[PDB]
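A.B. asks: Here is the sequence, then the experimental structure:
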Amino acid sequence: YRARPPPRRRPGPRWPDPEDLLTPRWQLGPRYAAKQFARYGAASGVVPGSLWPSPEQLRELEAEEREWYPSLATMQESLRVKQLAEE
Amino acid sequence: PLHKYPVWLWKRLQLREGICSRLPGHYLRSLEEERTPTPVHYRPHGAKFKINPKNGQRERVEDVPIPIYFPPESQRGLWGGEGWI
Amino acid sequence: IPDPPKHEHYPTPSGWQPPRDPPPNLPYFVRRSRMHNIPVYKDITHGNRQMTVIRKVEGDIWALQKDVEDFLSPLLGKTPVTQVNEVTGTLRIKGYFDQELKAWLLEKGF
Amino acid sequence: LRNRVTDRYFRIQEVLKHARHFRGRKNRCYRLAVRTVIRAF
Amino acid sequence: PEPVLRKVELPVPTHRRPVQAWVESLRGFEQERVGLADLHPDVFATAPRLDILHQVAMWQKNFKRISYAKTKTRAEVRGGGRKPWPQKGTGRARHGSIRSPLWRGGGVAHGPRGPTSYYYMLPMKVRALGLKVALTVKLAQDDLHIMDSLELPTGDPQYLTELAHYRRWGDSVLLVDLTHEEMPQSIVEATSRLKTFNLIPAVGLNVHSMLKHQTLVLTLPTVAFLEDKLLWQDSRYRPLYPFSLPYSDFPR
Amino acid sequence: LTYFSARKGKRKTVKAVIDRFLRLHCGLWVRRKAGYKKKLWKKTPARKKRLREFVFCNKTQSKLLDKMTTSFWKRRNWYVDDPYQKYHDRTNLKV
Amino acid sequence: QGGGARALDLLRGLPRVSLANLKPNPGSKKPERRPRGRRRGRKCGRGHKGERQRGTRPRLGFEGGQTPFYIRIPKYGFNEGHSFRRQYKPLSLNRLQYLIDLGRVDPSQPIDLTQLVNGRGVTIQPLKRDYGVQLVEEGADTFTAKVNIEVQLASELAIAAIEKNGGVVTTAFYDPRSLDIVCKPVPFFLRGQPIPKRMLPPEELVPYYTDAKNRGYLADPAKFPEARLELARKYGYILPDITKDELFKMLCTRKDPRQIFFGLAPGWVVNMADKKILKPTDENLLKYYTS
Amino acid sequence: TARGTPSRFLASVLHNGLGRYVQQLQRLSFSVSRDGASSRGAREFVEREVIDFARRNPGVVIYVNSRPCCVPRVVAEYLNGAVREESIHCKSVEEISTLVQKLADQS
Amino acid sequence: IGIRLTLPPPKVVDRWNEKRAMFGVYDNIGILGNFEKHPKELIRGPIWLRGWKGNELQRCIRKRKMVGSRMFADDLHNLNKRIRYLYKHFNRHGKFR
RNA sequence: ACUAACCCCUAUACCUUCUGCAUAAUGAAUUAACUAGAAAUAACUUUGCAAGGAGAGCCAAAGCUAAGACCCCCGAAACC
Ligand SMILES: [Mg+2]
Ligand SMILES: [Mg+2]
Ligand SMILES: [Mg+2]
Ligand SMILES: [Mg+2]
């Protein structure tokens, strides 16, 4: 006999049906598209501009880091104050 | 055997067929939406992250709504979102 | 794995030295591992049984066994207890002798 | 895979043959014959 | 004419020498001795590890097996939720259900609970080492033949069988070529109607097929493909991430 | 002890032993002494002294604690300035 | 020489190997035991009637009613906060010398966490609370190599040994978010996300990385020369003038504190499929990635 | 047991050995399969020993039939008419030789 | 009694049909295909039994957690009961502790 | 054993429960079919590689991966 063709990974990105219920939600978000663009490059059709966060999500991204990640000067001043307190 | 679709998908599936499929689009979209209600019987945390006093670590917190029972008589009144607990 | 670079002097500061070229004219031969190291390891079982093993051996393994106990008899005081496995090309010695055997196998050209 | 014994007839015949010359039901009933064959042996 | 000569492209250890194999061709009945090919000693002349072959073949057969046998327990047999008779006073044995394993028509105490999987993976180097052992065994038993290409003068299947019989190849021969899309037309039509003769690509080569078929034949590109793929195993780092991800030198 | 969890199907860990015992990577277990903070006024200084060390467990207790603890706590840790770093390996141990 | 030839030649006279003549290696398959027959059938190794025979034994650690041994032991803070303690995989000078001698690490180029894991010198598990590597002083006598190494932690003797041979050692901090990126850049690039800037060290670690004696990456460079002289004087080795070395440019090559790799500004996107680098131009994006 | 098994008195055949000894074995028939692991011991036995055994006992006729079979067998016939059938299913060579030699001495 | 009085009909097996003659092909696709495919991906069978192995208890959770919402009402109830019984038997019964 | 069925001599049914049962302690009229040991934490044995092992994660001061091999059946009065 002759063997069936070897099972190869299907070339090209996979874009499922957004209106179909059985398609899992993790294949519809921008994270899925970002992964597709990285693997397949410009041939995936994903706009490179959409990779960087839009200004709508940047405002809380900097708000979160300002509130949760203090600057070097703020940390040094806090450390110096604590050093004086224990001294 | 196994169902083609999950059971919780059945209610959505019938909305796409029959007389329900001929309903106006704007009404269908409004009914499909499942936005959360304003908290009434519980106090929201108000922050995405909080510091645990026990270990001084930052962990994510969530607001879990408390189930509310609405008696059929409340449909004839305006309780403002309150109900039986 | 990248092939080791050639140093103008040997052995290297870490103690590594390339195998001698041409290989020694012996009935048996021992080849370095994929990391270019002598295949000598320590084995322990039951928490008290200590063995030294020699891997990657092809040829007359019995000649290697004869040479091993000849080299180890003056050090240990009697003929060492050894196990010969022909199918896997490995040699097992009771006790810990890795640092002497590595030194012994190094100067033989392996 | 369901496995069932298929040679039980021969397994009991090797015992019944030693009791063929006995008396009573213990020469043909395996349950009785096995107990007396052991005593005879 | 001009003989075909194949050398070993990968470096050979100094203490080992290449093993020579004859090169034939299928364009004629008597077209053997076309040339000589040099094989890597570490692939076609390794240790005859029969235990490696047995465990690799057993791994291949039993790793894709799924058993669908399943029997109902006493909790799945219909009915049997009522005590038949009172515990005492009836003069018969006590029971709590009519679907117990003791009862006729009841459940099964310890039966199959399918579907069940037997999937397990051998170490990657062991599976590769199994292919090297099988090739070495084939060379040592003189049932392995080396060809240049798999073009046939005619697509007649009976011609191929007669050629194999004349050369005393064996009852069954496993044919291996480079890529599925490079099959010559003659070899495809000849082997499609044959049972003991099978044609598979290089990627499809396996120990179980080699053991099942008495005779194995390979092309020169197949030999180089097998030499490159196998010799990458014994000189390589431990994988930081799966090899499907891009690497500095993978694919070669 | 939960040999197979209902959500993951894997062995669990008894948190009681974690809060009371410390395991060295060599297999030894380190524990405190019972009643070392109870009724200190009625105990002699020598008794109080020997009550406040860290002592090892025997073979049976070590096997008992290993079975109640998953493999996560048996790994080798590289904590910075760890006080018990020098005790994680045995030196000059024969048989 | 002869063992392989003898084994292979002996194979020639043997019959053809097939599927009907294979067996496992001896000692590799312990036969399964079944509770059948006189030997293992009467009680199946369960003993006489009781809890053990009926398989209703109490839970592990239960001694039949008395207070459990593990319960009666008082609690102590042995493993408190263990999931928050910092861990560093130790790196020895012998291992570094072993890597350099075998060529697995290139000394002519700057060496950091990415280079060490690429050469398989160390294994990092950020999910296991790892925070990088520490350079230990083991085998400092036999170490002789001029390298530029970047490690999260270092000892005073390890620094002295590196600087004795004219090398440069610095200490830098990597947050857990970017530590996984540094060890495995390839999986991160497949995520399709712009390169983020690494966070500053925590408040407790700020003094460590701002001190010249620790060779911190945030310390004052002007305080370095006096620190090196003190180490050279203490250990009695003459401090070489590496400014006159031909590799002075390579030694001075250090990454920005907010940078991850070398020559890759935060916010860039790597496209391995088409071998391209994409950089943003929005002024808000540029300010975020550079501040 | 003895009570469940017929018995006989000790005796010989035609006072064998009184004037001369006559070998009681008269015929041997061997069934051997060309292919099959069960006949390997039987096969190698006739490669090296059946020739020497034939010369040792000239009054015994040996038949070697090669046919497909699952259980190799040997059949021994004596002058008194007794027939003995022994299986050679998966035995070695040194033990079939002892088995074959035993039938020769039997009366 | 208990045994057949006639020989069962002989069985004929084709040792060289399509399936037998090519069993094991492409099982080394990962080694010989630049690791673009895994032999586990060649597994054909139940959704919850593709490249995974475990005891009976573990198979029940995996089936329930992945396809439990699609099972029939009677089957789901029996599966829930099986998990409860298996959990009790494994965690509370046995010769060893 | 015997020439010989019996006659001669010798011999206190089986399982289970108990220190101890021919026991007058339980179970079994007989035949056929059905009917009861499920798991890999550690350790042991055997391959592969080796200061590295593993087809992301995990472990490692000779270890890592893989395989083999140990954990029964029926029966309540009850509760919701
Ligand atoms: Mg070991
Ligand atoms: Mg009921
Ligand atoms: Mg009941
Ligand atoms: Mg028993």
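C.D. replies: Okay, I see it. Numbers count the residues shown, from 1 in each chain, chains lettered A, B, ... in the order given. Ligands and ions are numbered 1, 2, ... in the order given.

A.B. asks: Please count neighbours and contacts with C-alpha atoms only from this point.
C.D. replies: Will do.

A.B. asks: Quick one: the helices in chain F, in order.
C.D. replies: Along chain F, counting by DSSP state H, helices occupy F:15-18, F:45-50, F:59-67.

A.B. asks: now do chain H
C.D. replies: H:40-48, H:50-56, H:93-105.

A.B. asks: Tell me which of the ones you listed sits most buried.
C.D. replies: Counting by mean count of other Cα atoms under 10 Å in any protein chain shown, helix H:40-48 has the highest mean neighbour count of those, with a mean of 17.

A.B. asks: Mind checking the helices of chain F for the one nearest to chain D?
C.D. replies: Proximity to chain D (Cα to the nearest Cα) singles out helix F:59-67 among the helices of chain F, at 36.3 Å.

A.B. asks: give me the number of residues near the nearest residue to residue G:119 once chain neighbours are set aside?
C.D. replies: Distances taken as Cα to Cα, 6 or more residues apart in numbering or on different chains put residue G:104 closest to residue G:119, at 5.1 Å, once the chain neighbours are dropped. Close neighbours of residue G:104, defined as other Cα atoms under 10 Å in any protein chain shown, add up to 22.

A.B. asks: Could you confirm residue G:104 falls within a strand?
C.D. replies: No. Counting by DSSP: H, G, I helix; E, B strand; the rest coil, residue G:104 falls outside a strand, being coil.

A.B. asks: quick check: longest helix of chain B.
C.D. replies: Per DSSP H, chain B has its longest helix at helix B:25-32.

A.B. asks: all helices for chain B, in order.
C.D. replies: B:10-15, B:25-32.

A.B. asks: Switch the ones you listed over to CSV, and while doing so, append mean neighbour count and distance to residue C:11 to every line.
C.D. replies: Converted to CSV, the helices of chain B look like this (neighbours: other Cα atoms under 10 Å in any protein chain shown; distance: least, Cα to Cα, whole Å):
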stretch, mean neighbour count, distance to residue C:11
helix B:10-15, 12, 76
helix B:25-32, 10, 77
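
A.B. asks: who's in contact with the residue in chain B that RNA strand J sits nearest to?
C.D. replies: With Cα to the nearest atom of the strand, the shortest gap between chain B and RNA strand J falls at residue B:59, namely 19.7 Å. Taking Cα atoms under 8 Å, 6 or more residues apart in numbering or on different chains, we find residue B:59 in contact with B:49, B:50, B:51, B:52.

A.B. asks: that older thread, who wins for proximity to ligand 4 among the helices of chain F?
C.D. replies: helix F:59-67 (29.5 Å; Cα to the ion).

A.B. asks: how near is residue C:4 to residue C:105?
C.D. replies: Residue C:4 sits at a distance of 19 Å from residue C:105 (criterion: Cα to Cα, to the nearest Å).

A.B. asks: centroid residue for the chain?
C.D. replies: Using chain A here. residue A:31 (5.7 Å; Cα atoms, centre = their mean).

A.B. asks: actually it's chain I I care about, not the one you picked
C.D. replies: The centre of chain I sits closest to residue I:49, judged by Cα atoms, centre = their mean, with a distance of 6.1 Å.

A.B. asks: from what I can see that one touches residue E:68, true?
C.D. replies: No. Taking contacts as Cα atoms under 8 Å, residue I:49 lies outside contact range of residue E:68: 11.2 Å.

A.B. asks: Give me the common contacts of these two.
C.D. replies: Counting by Cα under 8 Å, 6+ apart, the residues touching both residue I:49 and residue E:68 are E:115, E:116.

A.B. asks: mind listing what's buried in the helix or strand where residue G:39 lies?
C.D. replies: Assigned by DSSP states H and E, residue G:39 falls within helix G:37-41. For helix G:37-41, burial by neighbour count (16 or more other Cα atoms under 10 Å in any protein chain shown) applies to no residue.

A.B. asks: Of the helices of chain F, which is nearest residue G:260?
C.D. replies: Smallest distance to residue G:260 across those (Cα to Cα): 37.9 Å, for helix F:15-18.

A.B. asks: Could you confirm whether the closest one reaches RNA strand J?
C.D. replies: No. Judged by Cα under 7 Å from any atom of the strand, helix F:15-18 stays clear of RNA strand J, getting no closer than 14.9 Å.

A.B. asks: Could you confirm whether any residue of that helix contacts chain G?
C.D. replies: Yes. Judged by Cα under 8 Å from any Cα of the partner chain, helix F:15-18 and chain G are in contact via F:16, F:17, F:18.

A.B. asks: Residue F:76: what's it in contact with?
C.D. replies: Here residue F:76 is in contact with residue F:25 (Cα under 8 Å, 6+ apart).

A.B. asks: From residue G:76, how far off is it?
C.D. replies: Distance from residue F:76 to residue G:76, counting by Cα to Cα: 21 Å.

A.B. asks: ditto for residue E:179
C.D. replies: 66 Å.

A.B. asks: for residue H:33, same thing?
C.D. replies: Distance, residue H:33 to residue G:76, using Cα to Cα: 78 Å.

A.B. asks: What segments of chain I are helices?
C.D. replies: Going by DSSP H, chain I shows helices at I:18-21, I:29-32, I:56-67, I:73-92.

A.B. asks: For stretch H:64-84, give me every contacting residue.
C.D. replies: So stretch H:64-84 is contacted by H:13, H:24-36, H:38-39, H:42, H:85-89, H:103, H:107 (Cα under 8 Å, 6+ apart).

A.B. asks: cool, stretch F:1-21 as well?
C.D. replies: Residues outside stretch F:1-21 that contact it (Cα under 8 Å, 6+ apart) are F:29-32, F:65, F:68-70, G:59-60, G:70-71, G:73-80, I:57-58, I:61, I:87, I:90-91.

A.B. asks: of the residues you listed, buried ones?
C.D. replies: F:29-32, F:65, F:68-69, G:70, G:73-75, I:57-58, I:61, I:87, I:91.

A.B. asks: Is there a neighbour count for residue 36? I'd like the number.
C.D. replies: No chain was given, so I picked chain A. With other Cα under 10 Å as criterion, residue A:36 counts 23.

A.B. asks: wait, chain G
C.D. replies: For residue G:36, the tally of surrounding residues (other Cα under 10 Å) stands at 10.

A.B. asks: Could you do the one 10 residues further on as well?
C.D. replies: The tally of other residues near residue G:46 (other Cα under 10 Å) stands at 14.

A.B. asks: right, and residue B:81 touches residue B:69 too?
C.D. replies: No. Applying Cα under 8 Å as the test, residue B:81 and residue B:69 come out as separate, 10.5 Å apart.

A.B. asks: Neighbour count for those two, which is higher?
C.D. replies: Neighbour count, other Cα under 10 Å: between residue B:81 and residue B:69, residue B:81 has more, with 13 against 9.

A.B. asks: check contacts around the more buried one.
C.D. replies: residue B:40.

A.B. asks: Also residue H:43?
C.D. replies: Residue H:43 neighbours (Cα under 8 Å, 6+ apart): H:32, H:33, H:34.

A.B. asks: Can you show me the helices along chain D?
C.D. replies: Counting by DSSP H, chain D has helices at residues D:8-16, D:30-40.
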